[PDB]
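Data block for upload.cif (mmCIF, C-alpha atoms):
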```
data_final
loop_
_atom_site.label_atom_id
_atom_site.label_comp_id
_atom_site.auth_asym_id
_atom_site.auth_seq_id
_atom_site.Cartn_x
_atom_site.Cartn_y
_atom_site.Cartn_z
CA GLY X 1 -0.21 8.70 -2.26
CA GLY X 2 2.49 7.57 -4.67
CA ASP X 3 0.73 5.48 -7.29
CA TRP X 4 -2.56 7.01 -6.14
CA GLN X 5 -1.33 10.47 -7.09
CA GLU X 6 0.55 9.23 -10.18
CA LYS X 7 -2.70 8.02 -11.75
CA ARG X 8 -4.82 10.68 -10.02
CA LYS X 9 -3.61 13.75 -11.85
CA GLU X 10 -2.97 11.63 -14.93
CA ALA X 11 -6.61 10.73 -15.51
CA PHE X 12 -7.70 14.03 -13.93
CA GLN X 13 -6.01 16.18 -16.57
CA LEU X 14 -6.76 13.61 -19.27
CA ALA X 15 -10.42 14.63 -18.88
CA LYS X 16 -10.44 18.04 -17.18
CA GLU X 17 -9.64 19.52 -20.59
CA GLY X 18 -9.79 16.33 -22.65
CA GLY X 19 -12.74 13.98 -22.84
CA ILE X 20 -14.50 13.11 -19.60
CA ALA X 21 -15.36 9.66 -20.95
CA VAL X 22 -12.05 8.72 -22.56
CA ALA X 23 -10.51 8.77 -19.09
CA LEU X 24 -13.20 6.54 -17.62
CA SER X 25 -12.83 4.24 -20.63
CA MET X 26 -9.27 3.35 -19.63
CA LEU X 27 -10.01 3.59 -15.91
CA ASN X 28 -11.61 0.15 -15.93
CA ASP X 29 -8.81 -0.98 -18.21
CA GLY X 30 -6.63 -0.02 -15.25
CA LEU X 31 -8.98 -1.56 -12.70
CA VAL X 32 -9.41 -4.75 -14.66
CA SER X 33 -5.62 -4.55 -14.41
CA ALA X 34 -5.93 -4.54 -10.61
CA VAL X 35 -5.53 -8.05 -9.16
CA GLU X 36 -5.91 -7.64 -5.39
CA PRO X 37 -8.73 -6.18 -3.29
CA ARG X 38 -6.14 -3.66 -2.20
CA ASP X 39 -5.68 -2.87 -5.87
CA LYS X 40 -9.37 -3.05 -6.73
CA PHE X 41 -10.16 -0.21 -4.28
CA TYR X 42 -8.14 2.82 -5.29
CA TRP X 43 -9.38 2.79 -8.88
CA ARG X 44 -13.01 3.00 -7.82
CA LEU X 45 -11.99 5.59 -5.23
CA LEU X 46 -10.31 7.86 -7.73
CA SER X 47 -13.23 7.34 -10.09
CA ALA X 48 -15.38 8.73 -7.30
CA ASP X 49 -13.00 11.66 -7.10
CA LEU X 50 -13.11 11.97 -10.89
CA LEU X 51 -16.87 12.20 -11.11
CA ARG X 52 -16.75 14.47 -8.06
CA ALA X 53 -14.68 16.91 -10.08
CA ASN X 54 -17.41 17.14 -12.74
CA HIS X 55 -20.06 18.28 -10.22
CA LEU X 56 -21.80 14.87 -10.09
CA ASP X 57 -21.76 14.80 -6.29
CA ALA X 58 -24.41 12.27 -5.31
CA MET X 59 -24.05 9.83 -8.21
CA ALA X 60 -20.78 8.80 -6.61
CA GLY X 61 -21.79 9.67 -3.05
CA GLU X 62 -23.13 6.15 -2.95
CA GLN X 63 -19.74 5.02 -4.23
CA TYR X 64 -18.13 6.81 -1.27
CA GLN X 65 -20.43 5.47 1.43
CA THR X 66 -20.68 1.97 -0.02
CA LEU X 67 -16.90 1.67 0.22
CA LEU X 68 -16.61 3.43 3.57
CA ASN X 69 -18.50 0.37 4.80
CA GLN X 70 -16.63 -2.04 2.54
CA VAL X 71 -13.39 -1.03 4.31
CA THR X 72 -14.25 -0.96 8.03
CA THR X 73 -14.80 -4.72 7.68
CA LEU X 74 -11.02 -5.30 7.36
CA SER X 75 -8.98 -3.31 9.87
CA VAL X 76 -7.57 -0.72 7.50
CA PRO X 77 -8.38 1.85 10.26
CA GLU X 78 -5.16 0.65 11.94
CA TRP X 79 -3.44 0.12 8.59
CA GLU X 80 -3.42 3.22 6.41
CA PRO X 81 -6.08 5.12 8.43
CA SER X 82 -5.70 8.39 6.48
CA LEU X 83 -6.88 6.71 3.23
CA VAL X 84 -10.33 6.19 4.72
CA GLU X 85 -10.08 9.37 6.79
CA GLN X 86 -10.40 11.53 3.71
CA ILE X 87 -13.20 9.20 2.61
CA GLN X 88 -14.77 10.12 5.96
CA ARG X 89 -14.28 13.71 4.85
CA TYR X 90 -16.07 13.27 1.51
CA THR X 91 -18.86 10.73 2.02
CA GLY Z 1 6.37 -4.09 -4.55
CA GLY Z 2 7.03 -0.57 -5.79
CA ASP Z 3 8.58 1.28 -2.87
CA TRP Z 4 9.31 -2.09 -1.26
CA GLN Z 5 11.52 -3.05 -4.18
CA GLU Z 6 12.77 0.52 -4.64
CA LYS Z 7 14.44 0.32 -1.22
CA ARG Z 8 14.90 -3.48 -1.21
CA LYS Z 9 17.70 -3.62 -3.78
CA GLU Z 10 18.68 -0.10 -2.63
CA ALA Z 11 19.94 -1.25 0.79
CA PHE Z 12 20.64 -4.79 -0.45
CA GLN Z 13 23.43 -3.74 -2.79
CA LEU Z 14 24.53 -0.99 -0.39
CA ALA Z 15 25.72 -3.81 1.90
CA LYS Z 16 26.08 -6.92 -0.28
CA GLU Z 17 29.41 -5.48 -1.43
CA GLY Z 18 29.49 -2.40 0.79
CA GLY Z 19 29.23 -2.40 4.56
CA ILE Z 20 26.62 -4.64 6.14
CA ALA Z 21 26.18 -2.18 9.00
CA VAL Z 22 26.13 1.10 7.08
CA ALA Z 23 22.91 -0.08 5.44
CA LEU Z 24 21.29 -0.97 8.76
CA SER Z 25 22.47 2.37 10.14
CA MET Z 26 20.24 4.27 7.71
CA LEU Z 27 17.53 1.61 7.76
CA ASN Z 28 16.21 2.91 11.07
CA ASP Z 29 16.74 6.42 9.74
CA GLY Z 30 14.24 5.30 7.12
CA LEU Z 31 11.99 3.55 9.63
CA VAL Z 32 12.07 6.43 12.06
CA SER Z 33 10.95 8.20 8.89
CA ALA Z 34 7.94 5.86 8.72
CA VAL Z 35 4.67 7.62 9.62
CA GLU Z 36 2.09 4.84 9.98
CA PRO Z 37 1.89 1.22 11.16
CA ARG Z 38 1.59 0.42 7.48
CA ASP Z 39 4.87 2.25 7.03
CA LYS Z 40 6.47 0.88 10.19
CA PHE Z 41 6.13 -2.71 8.88
CA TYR Z 42 7.97 -2.95 5.59
CA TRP Z 43 11.21 -1.55 6.98
CA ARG Z 44 11.43 -4.22 9.65
CA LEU Z 45 10.37 -6.77 7.03
CA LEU Z 46 13.12 -5.87 4.62
CA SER Z 47 15.57 -5.77 7.51
CA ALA Z 48 14.57 -9.37 8.12
CA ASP Z 49 15.27 -10.03 4.46
CA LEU Z 50 18.56 -8.14 4.77
CA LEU Z 51 19.87 -10.17 7.66
CA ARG Z 52 18.51 -13.26 5.90
CA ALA Z 53 20.85 -12.52 3.02
CA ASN Z 54 23.86 -12.61 5.36
CA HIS Z 55 23.11 -16.18 6.55
CA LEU Z 56 21.72 -15.05 9.93
CA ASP Z 57 18.58 -17.15 9.54
CA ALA Z 58 17.19 -17.55 13.04
CA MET Z 59 18.21 -14.18 14.50
CA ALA Z 60 15.50 -12.69 12.33
CA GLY Z 61 13.34 -15.80 12.25
CA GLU Z 62 11.80 -14.38 15.38
CA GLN Z 63 11.35 -11.13 13.46
CA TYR Z 64 9.42 -13.07 10.81
CA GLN Z 65 7.14 -15.00 13.15
CA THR Z 66 6.60 -12.12 15.57
CA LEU Z 67 5.23 -10.05 12.69
CA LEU Z 68 3.32 -12.90 11.07
CA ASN Z 69 1.26 -12.70 14.25
CA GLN Z 70 1.37 -8.91 14.42
CA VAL Z 71 -0.43 -8.81 11.04
CA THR Z 72 -3.19 -11.43 11.30
CA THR Z 73 -4.69 -9.18 13.98
CA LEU Z 74 -5.74 -6.61 11.34
CA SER Z 75 -7.32 -8.18 8.26
CA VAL Z 76 -4.43 -7.70 5.85
CA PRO Z 77 -5.15 -11.31 4.70
CA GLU Z 78 -8.00 -9.79 2.65
CA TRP Z 79 -6.00 -6.64 1.94
CA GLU Z 80 -2.64 -7.32 0.33
CA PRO Z 81 -2.61 -11.08 1.12
CA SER Z 82 0.56 -11.82 -0.90
CA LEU Z 83 2.67 -9.54 1.38
CA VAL Z 84 2.11 -11.91 4.29
CA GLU Z 85 1.98 -14.94 2.00
CA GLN Z 86 5.69 -14.71 1.30
CA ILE Z 87 6.15 -14.13 5.04
CA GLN Z 88 4.31 -17.44 5.40
CA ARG Z 89 6.92 -18.80 3.00
CA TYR Z 90 9.91 -17.58 5.05
CA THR Z 91 8.93 -17.78 8.73
#
```

Turn this file's structure into structure tokens for me.
Amino acid sequence: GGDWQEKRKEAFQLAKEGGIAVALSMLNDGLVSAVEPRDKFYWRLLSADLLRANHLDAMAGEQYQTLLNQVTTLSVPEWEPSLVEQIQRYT
Amino acid sequence: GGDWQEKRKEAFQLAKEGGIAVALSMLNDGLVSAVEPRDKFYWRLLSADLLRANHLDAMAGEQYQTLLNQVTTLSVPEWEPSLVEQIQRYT
């Protein structure tokens, strides 16, 4: 994913060796930046992936499953299906 | 739109002063490139905008309205609503 992966590894390596919390501090500064429900999704998704990296599996498991159901409501399965397919992989 | 606008002025100015048809020649080379229905949309959209620029309003009017109905099927109104809102402006 283009902007997905541009911010993904950016806040990943900001915290993988930098501070875990300094990344999440600006993550909501980037998600408060988001203006659409399309935009308000990926930030929380990649935060799930973030906290997944730190071996915090089930804190954000709920964030995976709660959004796996927040998406099937609105036909994204025929409109970017992969996006939720890897969610289906990691819920 | 990021990739939308990256290719929008890319084939706009390829034809605005260059050849009108050389742009559309590679447009389907870019849309045959498209992998998903999400991807298969924007190319035909911007082709509508292309042929709109050349004062060919109603040839592609049908391409506007036929896709305005091909989208409401799948909940994009709560998932990138603007995208189809400007379609609503130009159908």

Just want the 12 Å neighbourhood of residue 10 (chain X), counted on all atoms listed in the file, with same-chain residues fewer than 6 positions away dropped. Output as a PyMOL selection string.
chain X and resi 3-4+16-18+23-24+26-27+46+50

Record the distance separating CA of residue 37 (chain Z) and CA of residue 67 (chain Z), expressed in Å with one decimal.
11.9 Å

Can you build me a table of chain Z residues sitting at most 9 Å from chain X, with the closest atom pair per residue and its distance in Å to one decimal, using all atoms listed in the file, sorted by chain and residue number, as a Markdown table?
```
| residue | atom | partner | partner_atom | distance |
| --- | --- | --- | --- | --- |
| Z:2 | CA | X:3 | CA | 8.9 |
| Z:3 | CA | X:2 | CA | 8.9 |
| Z:36 | CA | X:80 | CA | 6.8 |
| Z:37 | CA | X:79 | CA | 6.0 |
| Z:38 | CA | X:79 | CA | 5.2 |
| Z:39 | CA | X:80 | CA | 8.4 |
| Z:73 | CA | X:75 | CA | 8.4 |
| Z:74 | CA | X:75 | CA | 4.9 |
| Z:75 | CA | X:74 | CA | 4.8 |
| Z:76 | CA | X:74 | CA | 7.2 |
| Z:77 | CA | X:74 | CA | 8.8 |
| Z:78 | CA | X:37 | CA | 7.0 |
| Z:79 | CA | X:38 | CA | 5.1 |
| Z:80 | CA | X:38 | CA | 5.7 |
| Z:81 | CA | X:36 | CA | 8.1 |
| Z:82 | CA | X:36 | CA | 8.9 |
```

Could you fit chain Z onto chain X by least squares over every C-alpha atom, paired in order, and give me the moved chain as a compact mmCIF listing (two decimals) with C-alpha atoms, in the frame of the given file?
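Contents of selection-v4.txt, as written:
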```
# COMPACT_ATOMS: atom_id res chain seq x y z
CA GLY Z 1 -0.21 8.68 -2.27
CA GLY Z 2 2.49 7.55 -4.68
CA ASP Z 3 0.72 5.47 -7.31
CA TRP Z 4 -2.57 7.00 -6.16
CA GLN Z 5 -1.33 10.45 -7.10
CA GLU Z 6 0.61 9.13 -10.11
CA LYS Z 7 -2.69 8.10 -11.72
CA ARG Z 8 -4.85 10.71 -9.93
CA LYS Z 9 -3.62 13.74 -11.86
CA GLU Z 10 -2.93 11.37 -14.78
CA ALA Z 11 -6.62 10.72 -15.52
CA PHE Z 12 -7.70 14.02 -13.94
CA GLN Z 13 -6.02 16.17 -16.57
CA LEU Z 14 -6.77 13.60 -19.29
CA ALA Z 15 -10.43 14.63 -18.89
CA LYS Z 16 -10.44 18.04 -17.19
CA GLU Z 17 -9.64 19.52 -20.60
CA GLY Z 18 -9.80 16.33 -22.65
CA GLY Z 19 -12.75 13.98 -22.84
CA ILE Z 20 -14.51 13.11 -19.60
CA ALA Z 21 -15.37 9.67 -20.95
CA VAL Z 22 -12.07 8.72 -22.57
CA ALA Z 23 -10.52 8.77 -19.10
CA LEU Z 24 -13.22 6.55 -17.62
CA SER Z 25 -12.86 4.25 -20.63
CA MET Z 26 -9.30 3.35 -19.64
CA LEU Z 27 -10.03 3.59 -15.92
CA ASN Z 28 -11.64 0.16 -15.93
CA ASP Z 29 -8.84 -0.98 -18.22
CA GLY Z 30 -6.66 -0.02 -15.27
CA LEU Z 31 -9.01 -1.56 -12.70
CA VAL Z 32 -9.44 -4.75 -14.66
CA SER Z 33 -5.65 -4.57 -14.42
CA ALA Z 34 -5.95 -4.55 -10.62
CA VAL Z 35 -4.86 -7.85 -9.05
CA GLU Z 36 -5.94 -7.65 -5.40
CA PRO Z 37 -8.76 -6.18 -3.30
CA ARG Z 38 -6.16 -3.67 -2.21
CA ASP Z 39 -5.70 -2.87 -5.88
CA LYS Z 40 -9.40 -3.05 -6.74
CA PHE Z 41 -10.17 -0.21 -4.28
CA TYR Z 42 -8.16 2.82 -5.30
CA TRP Z 43 -9.40 2.79 -8.88
CA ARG Z 44 -13.02 3.00 -7.83
CA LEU Z 45 -12.00 5.59 -5.23
CA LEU Z 46 -10.32 7.86 -7.73
CA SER Z 47 -13.25 7.35 -10.09
CA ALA Z 48 -15.39 8.73 -7.30
CA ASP Z 49 -13.00 11.65 -7.10
CA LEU Z 50 -13.12 11.98 -10.89
CA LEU Z 51 -16.87 12.22 -11.11
CA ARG Z 52 -16.75 14.49 -8.06
CA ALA Z 53 -14.67 16.92 -10.08
CA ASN Z 54 -17.40 17.14 -12.73
CA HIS Z 55 -20.06 18.29 -10.22
CA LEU Z 56 -21.79 14.88 -10.08
CA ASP Z 57 -21.76 14.81 -6.29
CA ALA Z 58 -24.41 12.29 -5.30
CA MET Z 59 -24.05 9.85 -8.20
CA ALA Z 60 -20.79 8.80 -6.61
CA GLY Z 61 -21.80 9.69 -3.07
CA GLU Z 62 -23.14 6.17 -2.95
CA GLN Z 63 -19.74 5.04 -4.23
CA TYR Z 64 -18.14 6.82 -1.27
CA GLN Z 65 -20.43 5.48 1.44
CA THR Z 66 -20.69 1.98 -0.02
CA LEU Z 67 -16.91 1.68 0.22
CA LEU Z 68 -16.62 3.43 3.58
CA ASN Z 69 -18.50 0.38 4.81
CA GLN Z 70 -16.65 -2.03 2.54
CA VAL Z 71 -13.40 -1.03 4.31
CA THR Z 72 -14.27 -0.96 8.02
CA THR Z 73 -14.81 -4.71 7.68
CA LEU Z 74 -11.04 -5.30 7.36
CA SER Z 75 -8.98 -3.32 9.86
CA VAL Z 76 -7.57 -0.72 7.49
CA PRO Z 77 -8.38 1.84 10.25
CA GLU Z 78 -5.16 0.64 11.93
CA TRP Z 79 -3.45 0.11 8.58
CA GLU Z 80 -3.42 3.21 6.40
CA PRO Z 81 -6.07 5.11 8.43
CA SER Z 82 -5.70 8.39 6.48
CA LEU Z 83 -6.88 6.70 3.22
CA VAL Z 84 -10.33 6.18 4.72
CA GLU Z 85 -10.07 9.36 6.79
CA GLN Z 86 -10.39 11.53 3.71
CA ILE Z 87 -13.20 9.20 2.61
CA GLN Z 88 -14.76 10.12 5.95
CA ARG Z 89 -14.27 13.72 4.85
CA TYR Z 90 -16.06 13.28 1.50
CA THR Z 91 -18.85 10.74 2.03
```

Any idea what the distance is between CA of residue 53 (chain X) and CA of residue 83 (chain X)?
18.5 Å

Expressed in Å to a single decimal, how great is the separation between CA of residue 44 (chain Z) and CA of residue 28 (chain Z)?
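Interatomic distance, CA of residue 44 (chain Z) to CA of residue 28 (chain Z): 8.7 Å.
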
Evaluating the PyMOL selection byres ((chain Z and resi 88) around 12) on the displayed file yields which residues, as JSON, numbers by chain?
{"Z": [61, 64, 65, 66, 67, 68, 69, 71, 72, 77, 81, 82, 83, 84, 85, 86, 87, 89, 90, 91]}

Which residue gives the smallest distance to residue 30 (chain X) among X:48, X:60, X:43, X:13, with all atoms listed in the file counted?
X:43
